[PDB]
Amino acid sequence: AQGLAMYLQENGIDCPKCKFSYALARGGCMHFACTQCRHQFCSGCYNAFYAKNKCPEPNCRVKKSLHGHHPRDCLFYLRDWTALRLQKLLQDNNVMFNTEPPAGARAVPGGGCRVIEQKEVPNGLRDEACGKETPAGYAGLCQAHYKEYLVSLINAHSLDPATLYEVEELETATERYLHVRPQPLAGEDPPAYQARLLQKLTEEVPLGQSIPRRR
């Protein structure tokens, strides 16, 4: 139950540029801006957010937008997975996770998800429970927040989402990070082609460098 209590409690967030420490207020998007040095970064992977036409990386296909470049294990990508497949990554690696609410849990005022958000109310902000529908087996969280929780475990244990990619996802990933559209070489059958891509991806493209890990 250790993993969930940590996700639920109030978390820190640190600017990767100036290192000022904050308390994370949930409810906004993944784009953060430091109030101390104005640096823009992703809460999921701590990589920078560039203004349009400011990105230094070459062969950038989204150069004309505000964007950052996120690694394959950032929440930016993993939030699109089903809860089932995120659970699989954890199960394949023998990481326990919660499916039921905490032991002696306290009831939530209205209904729905217990995750406290700083919400936008008329003429300001207000702390309040998520309140979205909580499916059975989602530990008392809503769909999106439950996935966030599973992703925190996945990141903490340095698990590679690529072990679960279908060949199409490998090709999409190869093109994103190596800028080449891959294809089967002659004589290569589909199982060999898939395995080749998973191996080339593993060894050339590391998981998030700035995602905090456990030991």
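When you see a residue number, it is the position in the sequence shown, counting from 1.
Participant: Taking the mean of the C-alpha B-factors per stretch from the entry, tell me the winner out of 83-91 and 127-135.
Facilitator: It is 127-135.
Participant: Tell me which of 5-13 and 197-205 has the higher mean C-alpha B-factor in the deposited entry.
Facilitator: On average, C-alpha B-factors are higher across 197-205.
Participant: Looking at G28, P182, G68, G44, which one carries the largest C-alpha B-factor according to the PDB entry?
Facilitator: That would be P182, according to the entry.
Participant: According to the deposited entry, which of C74, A144, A103, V115 has the largest Cα B-factor?
Facilitator: Top of the list by C-alpha B-factor: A103.
Participant: Based on the entry's values, in what third of the chain does the Cα temperature factor of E171 lie: lowest, middle or highest?
Facilitator: As the PDB entry reports it, the C-alpha B-factor of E171 lands in the middle third of its chain.
Participant: Please say which third, lowest, middle or highest, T35 falls into when its CA temperature factor is compared across its chain.
Facilitator: Middle third - that is where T35 ends up once the chain's C-alpha B-factors are sorted.
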